[PDB]
Structures are given as C-alpha cells and as structure tokens.
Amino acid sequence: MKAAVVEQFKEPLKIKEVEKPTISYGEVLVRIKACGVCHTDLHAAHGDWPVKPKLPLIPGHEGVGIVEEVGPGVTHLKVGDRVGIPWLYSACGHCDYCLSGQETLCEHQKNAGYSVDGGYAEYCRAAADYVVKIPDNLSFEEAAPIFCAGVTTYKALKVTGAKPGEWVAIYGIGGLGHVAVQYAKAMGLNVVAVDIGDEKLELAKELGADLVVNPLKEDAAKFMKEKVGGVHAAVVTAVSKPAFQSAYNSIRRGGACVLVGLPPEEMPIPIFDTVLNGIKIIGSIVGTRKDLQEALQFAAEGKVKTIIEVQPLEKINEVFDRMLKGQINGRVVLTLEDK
C-alpha cells in the first residue's frame, strides 16, 4: 500500500510503498478515503516533543474510511461501516480514568499517527472498540476535520461549563477557532470572537459570532467588560503569553479560562488575582468517544461546517511548509482516493 512516512525527524516525508497491515483479535482494517492534517502531525514529524514518536512513522489521527475486514471478537462493527480513527487509538478500558468516562487520560493509551501508524496511508490497522462511526449524511471530507479539531473545540466548550445564554470568548479564529464559534452557537451560547486579523473576524461574523474585537486595534478585555460585563468563559485556541493574559483578563469572576493549544513555554498567573476572583484555568484536549459522536452529530445536522482544502497525499510536505508559514486558511484534508 501507498503511504506517507517519516523515516527521520525534520526530514521530508517519503511517499512510498509499504506492507499492508494485517489484523487480529479486536482490530479492524480500514481503507482510508481521507485524513485531516493536524499541527500535531507536524510536531510528530519533527519529533520536537519530550515524548518522541516511533520511527518509521505513518502520521495522521484524522483518518476516515471504510472497514475492509473485522478481526476475531469484533461484533459491533461490520465490513462496510464508515468510521474514523482519532488520536485516542486505544485505551486500557479498566483504569480509573477509563471507567469514569475520561478515557482520554488513560496512561496506557496508544495514539494514532504517533505511537502507532495512522491515516496518512491507504490502509490502517485500528482497535475496533476505539474507532468511531460516521453519520450517514456526512462525507468523508467533511467528517475528517471533526475527528480532532471539531471534537477538541466541542469538548473545550463543555469544559467551560457555560450554559445556554452565557457568553464565551473564542481566542483565535483559525483552524480550530472557526469551528469553535459554530459549536458554541449550537450550544446556545453568545460568542465574542477575538483575532488580530480583521479577515478572520468578518469570517467569524458570517459563522455566527455576536461580537468581534481586534486586540491590535483595541483592548480586548476592556471591550468585553464594557460590552457584556466580562465573558463567562474563554477558549484559547492559539495559546501564547499575550493571548492567555488577555483571555485571563476578559473573564468575569468565577469564570473559566480553557486552554486548547500546545505551546512549549510557561504561562505566569497572578496568584492574588486568581484566588480573589475565583478564576479557573483548565487544559483540555481532544475528547472521548462519546464526545466525538456528539461532535459528529452536530455536523450531520448542519450546525457546524469546516472550511477545508483537499489535497492529494503526495502534497503532504507542501502542506506542512504552508502550515509552518501560516499560509493556510482553514483545514487541509488529504485524500488517498482517486477522485
């Protein structure tokens, strides 16, 4: 089978032939039709994180396709089912985290496109219990970006604890942000879109943002304090010292600041201010199988749509470069099918 593979860190991926994966107990073979490209795939290829991935490595944790064959012991899935393989490739299913609906925290978890081969190929071996079905009226292309970006923003909003009618600030209207705006509105929330590019803010208004503000042209925190009395919660998709400080300052007392990004720096927080204002700082990444199913259901109902650009597997290295230079508006989905 054809596949994009990382043979050495920081070296371009090679599109070559590799063995077609074989399956056994509790697994399924998935023929990949599409796979979203995530910033995490880039860091995997560059091995710039503390816990480095395996090598060689087939990246991709936003791979969607059809079940070609089921292994022994698998009863809930059948040949022909349309599914996706998310970041949480597998969990133990028996630890405290797994038994309490927090499988994403399982210490024994395997991650697709990082510790095990992913969706950047024609075929991918997957753990049957952990793949998630794709709604019937959702195309593979539309579905792919929901497997990480969509579920990630949807879960982050649930983590804020904001109920219908309350206000939330979405910092960064990019790959994750433009989707976060849509989930928030679908969840009965009022949104304040924050971003330095007016192009993005206009896009946010088209997607349902009730208010927009550019940090470069005006004080974002002050704007929200004066306009709505401070938001009930903030979701930071583009984590950086300044963005986090602004968000921390725009939330009303007792509010929550939810971080979704993955930067290598440290964020200073005022102890006096945090305690006195009862502020909460929460980190949130991806989501459980239930969260993802819910995230997909909103898409299937037409409440959420991702701005996508389709590209062939061979152009993966081009995509990574455009990503490093921030020359990507929206999300990129690779197709491994002959369109």
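A residue's number is simply how far along the shown sequence it sits, counting from 1.
*Tell me which of 102 to 110 and 214 to 222 has the higher mean C-alpha B-factor in the deposited entry.*
Of 214 to 222 and 102 to 110, the stretch with the higher C-alpha B-factor average is 214 to 222.
*Which has the higher mean CA temperature factor in the PDB entry, 292 to 300 or 36 to 44?*
The stretch with the larger average C-alpha B-factor is 36 to 44.
_Maximum C-alpha temperature factor per the entry, among 86, 197, 165, 119, belongs to which one?_
Spelled out: the listed residue with the top C-alpha B-factor is 197.
*Go through 186, 143, 179, 267 one by one and give the residue whose Cα B-factor in the PDB entry is largest.*
Result of the comparison over 186, 143, 179, 267: 267.
_For the chain shown, is the CA B-factor of residue 52 in the lowest, middle or highest third of its modelled residues?_
Highest third of the chain for residue 52's C-alpha B-factor.
*What third of its chain, lowest, middle or highest, does the C-alpha temperature factor of residue 78 fall into?*
Middle third - that is where residue 78 ends up once the chain's C-alpha B-factors are sorted.
*Chain-relative CA temperature factor third for residue 278*: Its C-alpha B-factor belongs to the highest third of this chain's values.
*If you rank every modelled residue in this chain by C-alpha B factor, which third holds residue 263: lowest, middle or highest?*
Highest third.
*Among the chain's modelled residues, which third holds the C-alpha B-factor of residue 241?*
Highest third.
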